[PDB]
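**Student:** sequence first, structure after, both from an experimental entry:
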Amino acid sequence: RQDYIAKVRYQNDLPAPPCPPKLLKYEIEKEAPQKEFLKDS
Amino acid sequence: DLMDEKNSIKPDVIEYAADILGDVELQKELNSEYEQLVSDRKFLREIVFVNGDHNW
Amino acid sequence: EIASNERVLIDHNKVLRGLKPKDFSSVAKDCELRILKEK
Amino acid sequence: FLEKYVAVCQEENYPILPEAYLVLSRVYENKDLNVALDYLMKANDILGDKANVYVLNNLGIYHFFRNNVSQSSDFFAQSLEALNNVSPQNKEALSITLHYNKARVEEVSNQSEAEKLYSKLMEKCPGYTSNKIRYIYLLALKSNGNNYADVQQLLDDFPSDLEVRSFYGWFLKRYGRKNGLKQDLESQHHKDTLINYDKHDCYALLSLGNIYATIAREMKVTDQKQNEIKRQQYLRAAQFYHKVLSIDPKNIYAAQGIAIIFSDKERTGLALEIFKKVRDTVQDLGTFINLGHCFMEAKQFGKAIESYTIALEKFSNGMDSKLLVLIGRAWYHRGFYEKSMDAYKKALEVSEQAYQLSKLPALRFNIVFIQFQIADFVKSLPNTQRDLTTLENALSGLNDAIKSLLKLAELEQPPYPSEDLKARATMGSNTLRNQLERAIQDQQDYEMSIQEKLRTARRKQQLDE
Amino acid sequence: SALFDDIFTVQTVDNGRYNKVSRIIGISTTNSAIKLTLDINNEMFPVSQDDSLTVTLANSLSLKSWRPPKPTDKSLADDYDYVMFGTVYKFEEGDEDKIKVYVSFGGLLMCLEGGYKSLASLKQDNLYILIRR
């Protein structure tokens, strides 16, 4: 079958890991500061 | 106008556009129609409605 | 301490959601009924 | 409750605690980044000079996710400035984190400073993995995957790290044939990752599904048994994707693999629906290419042309030859199925541009085939539906196509056997060439008759006048 | 199934005289020179400026008296947030590639400007418009 030459290859390639910047937990995200803040007089 | 191509009927609206251009009898008929139209225009514009009112 | 303080905004599975998530539950059901249950 | 507290404090004219704002932003991180960022801004405004390093870092990350490069950079600079006030115990950790964030921002802006800060942090803390992963990834981008030893060493350093394993598997998928490694080696690595570390990791499941689909596609089909084995491999890949969807139904890549399997199984409608949903979700070059392929399989050639054009303009920027080949094929399909000459002209021009970009035997044969089809279609056309210019162009294209067919037949490994090329050139020259000249003569006769009628009418009109 | 598909970004939202009806103007992201002027119901599908809308036009919802839809049956409308049904009352075959399609969804008007290739198939008596956001 001498006709138009074309190659079909589906692209589903996974991207490389992004490694985005990491959020920093608040001081009130730790159990001990939470206890100190809640137990305030 | 059946002689000039760009002043004729569009070819996509009629099936027989091929065998229309260059015909002289059909051009005679069209010329008679246009002369009748021009006579009507003159009669309406110069006798009946001189002020040009066309809604009657 | 770094690991404890580190927080990641989006999860490993949720990274494809980002700011605009979409649902393919119907797609999953159709796949189950037409691939795993395919005759 | 936090909104009620905020409202009550506002009604009472009492100072709203910024801790409630931080908690609200933390909650909205998984719901609405906009509301979380707004609450963080309100908390920072309340604090004034009491702004901390974490608040500035989170504001910078919010603006980075919002693509506010200027505002993110300003917030990161303010965080680095405030780092001088950090307690010494956490100072080292927060400095490492802020330097990593700044290196990420540089990698967005300029990779050189990112690599410099990566080396700085690696000397500061060799145990960190994300820094090493990003540095080795940038090196592989610069070295075209010539640092496989570094990737293997990093994998050995953290065999239990999911990020390290995923990066190593990505590098394998990228350059396994370049490195000559085992085809199933990455499959065994991902199988070990799933069995011994985490069986719910969608990355390794998708990699295994892609590998199994590739194996099934490359498998030769000879009888029912081989087709059933291929279907079983596709079923394994589909089970990987279904487990991924069970883990997370919002996985675009699992649906894309499902659509690819359906394309192999000729379930065109489901693949088309999945690809449309994916395009609505995310817009990359692969999605547009797959949409064009599906439209070609769905015989919607115009939509395929549009999809390929959008893919070419948005991402490839008119440089890739494969997209031009696809556009030419779609145009040829449109011209063949719809009997349109302008489609053939556009396909010919696209093929000529692609060849001038590449000058490969495949595109030479494509041009020859297009010209032969053009000549055949023009000969098949009636006189009233064509003109002399198209006939002359078709004849010239036929001559050039015969010459290029001989050129291809003189090549070492032409896309088609040289005997077939020579036979086609001979067949085109023997009969089609003469039929083109006969059509040219008939067209000339038709034009002459038209002009004779036009010149005869005016003389009779003048005589009547 | 679907006769037209694109993604639009809302430029202007005009409430004007009415309370429950808004005019939105959008241009296609993948292809400029495609415009969409549309009436929508604010209370059911509220929109804001610079929103992204997935607009689809179909001649049928399949996959004469109207009936409330049974929960068991499934149709094309299950994937979208706002479906309207209207009649095409003008198909302006304008300049070289300027085509305008006027559709009236029971008095709520839509005009779609675009090239001939995109809007060739939109020469139907009645059209469904399916909007997702």
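**Tutor:** Arrived safely, thanks for sending. Residues are numbered from 1 along each chain as shown, chains lettered A, B, ... in the order given.
**Student:** ok, and the closest non-adjacent residue to residue 37?
**Tutor:** Just so you know, I chose chain A. Leaving aside its sequence neighbours, residue A:37 sits nearest to residue A:28 (CB to CB, 6 or more residues apart in numbering or on different chains; 6.4 Å). From N, CA and C alone the C-beta is placed, and that goes for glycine too.
**Student:** I was thinking of chain D, sorry if that wasn't clear
**Tutor:** residue D:62 (4.3 Å).
**Student:** in which helix or strand does residue D:253 reside?
**Tutor:** Remark: residue D:253 resides in helix D:252-264, with elements defined by DSSP states H and E.
**Student:** that helix vs chain E: in contact?
**Tutor:** No. Helix D:252-264 does not reach chain E (CB under 8 Å from any CB of the partner chain); its nearest approach is 13.6 Å.
**Student:** the residue nearest to residue D:37 contacts residue D:39, correct?
**Tutor:** No. Residue D:62 lies out of contact with residue D:39 (CB atoms under 8 Å); the separation is 10.5 Å.
**Student:** how about the helices of chain E, start to end?
**Tutor:** Remark: helices assigned in chain E by DSSP state H are E:116-119.
**Student:** where's the most centrally placed residue in chain B relative to residue D:454, distance?
**Tutor:** Computing the C-alpha centroid of chain B and ranking residues by CA atoms, centre = their mean puts residue B:34 first, at 4.1 Å. Noted for residue B:34: a distance of 20 Å to residue D:454, by CB to CB, to the nearest Å.
**Student:** try residue D:390
**Tutor:** According to CB to CB, residue D:390 and residue D:454 sit 22 Å apart.
**Student:** quick one: which of those two has more around it?
**Tutor:** residue D:390 (18 against 15; other CB atoms under 10 Å in any protein chain shown).
**Student:** pretty sure that one sits in a strand.
**Tutor:** No. Using DSSP: H, G, I helix; E, B strand; the rest coil, the secondary structure at residue D:390 is helix, not a strand.
**Student:** with adjacent residues omitted, what lies nearest to it?
**Tutor:** Distance criterion CB to CB, 6+ apart; nearest residue to residue D:390, sequence neighbours excluded, is residue D:378 at 5.7 Å.
**Student:** isn't the one you found right up against residue D:394?
**Tutor:** Yes. At 4.3 Å, residue D:378 and residue D:394 qualify as touching, with contact defined as CB under 8 Å.
**Student:** which stretches in the chain count as strands?
**Tutor:** Unless you meant another one, I'm taking chain A. A:23-24 (DSSP state E).
**Student:** wait, I meant chain C there
**Tutor:** Going by DSSP E, chain C shows strands at C:6-7.
**Student:** what residues are up against residue 5?
**Tutor:** You didn't pick a chain, so chain A it is. Contact partners of residue A:5, counting by CB atoms under 8 Å, 6 or more residues apart in numbering or on different chains, are D:325, D:362-363, D:365-366, D:415.
**Student:** sorry, I should have been clearer: chain C.
**Tutor:** A:24-25, D:90, D:93-94, D:97.
**Student:** repeat that with 7 Å
**Tutor:** A:24-25, D:93 (CB atoms under 7 Å, 6 or more residues apart in numbering or on different chains).
**Student:** among the residues you listed, which are in reach of chain B?
**Tutor:** Contacts with chain B are made by none of the contacts of residue C:5, judged by CB under 7 Å from any CB of the partner chain.
**Student:** could the residues you listed go into JSON lines alongside distance to residue D:34?
**Tutor:** Formatted as JSON lines, the contacts of residue C:5 follow (distance: CB to CB, whole Å):
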{"residue": "A:24", "distance to residue D:34": "20"}
{"residue": "A:25", "distance to residue D:34": "21"}
{"residue": "D:93", "distance to residue D:34": "30"}
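**Student:** reformat these as a markdown table; add distance to residue D:331 and neighbour count.
**Tutor:** Output for the contacts of residue C:5, formatted as a markdown table (distance: CB to CB, whole Å; neighbours: other CB atoms under 10 Å in any protein chain shown):
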| residue | distance to residue D:331 | neighbour count |
| --- | --- | --- |
| A:24 | 55 | 25 |
| A:25 | 57 | 15 |
| D:93 | 60 | 18 |
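**Student:** after the helix holding residue D:253, next one along is what?
**Tutor:** From helix D:252-264, the next helix or strand downstream (DSSP H and E) is helix D:268-281.
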